[PDB]
Structure formats: C-alpha cells, structure tokens
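Since the structure comes first, as structure tokens, the remarks are kept for the end.
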Amino acid sequence: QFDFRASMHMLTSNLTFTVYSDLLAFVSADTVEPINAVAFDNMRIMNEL
Amino acid sequence: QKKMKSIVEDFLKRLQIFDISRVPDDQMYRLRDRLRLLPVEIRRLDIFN
C-alpha cells in the first residue's frame, strides 16, 4: 500500500556549483628563452656558445 | 647570449685560404676554445682596459 508518511522525504543538496575538468587550463605557463635554459645543476643545458 | 661562431667564421674568411662552407661548427668552436686561451695583444688589451 502507498503510505504518505513512509514516502515523504526531504532531499538535500547544494544550491549550485560549477564543475571543471581541465585544471591545467587555469595555469598560465611560460618558459625562459632556450638560450638561458638550465639543467638540474643550474648550469645551462648547452654551454658551447 | 652571444654565440661566438660568427667571430671564428670572420677569422677563417679573413685567412682567405679556407672555404668556410666545408668547416663544420664544432671545428669552429674548437678554434674558439684555442683562441680563448691566448693573451690579448698589448694595444687591444689596453684599449679594452
């Protein structure tokens, strides 16, 4: 049998939000000039200049 | 940021017996390394001082 008391509920959620997929789209990424690019030891990758 | 290949190219071209089209860049940079260990001429050195 249908029972109103056993069927009435209060469903709760958030009012609104925006879901994002590309997180790296929020990053402004730039690079130094390759002439000045350095390796792990802070020396330039290529030194025969 | 200066690449010294042009200096060696000018040097070899002014020697006037080499065809620089047959001189690769590694040889020119070896020439640069050998030139870098030589003292500067007295007049030029004093002008630079």
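Chain labels follow the order of the structure tokens: the first chain is A, the next B, and so on; residue numbering restarts at 1 in every chain, and ligands are counted from 1 in their shown order.
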Per residue of chain B within 7 Å of chain A, which atom pair is closest and at what distance in Å (one decimal), using only C-alpha atoms, listed by chain and increasing number, as a tab-separated table?
residue	atom	partner	partner_atom	distance
B:1	CA	A:35	CA	6.5
B:2	CA	A:49	CA	6.8
B:3	CA	A:49	CA	4.5
B:4	CA	A:49	CA	6.1
Selection file, C-alpha atoms, as a PDB file, in the first residue's frame:
ATOM      1  CA  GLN B   1      73.587  35.084 -25.029  1.00  0.00           C
ATOM      2  CA  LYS B   2      76.276  35.651 -27.681  1.00  0.00           C
ATOM      3  CA  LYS B   3      77.282  32.751 -29.921  1.00  0.00           C
ATOM      4  CA  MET B   4      80.905  33.215 -30.970  1.00  0.00           C
TER       5      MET B   4
END
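With only C-alpha atoms as the atoms that count, the minimum distance from residue 7 of chain B to the choices B:31, B:47, B:37, B:42 is reached by B:31.
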As number ranges by chain, list the residues of chain A assigned to alpha helix (DSSP H) by DSSP on the backbone atoms of this structure.
-> A: 4-7
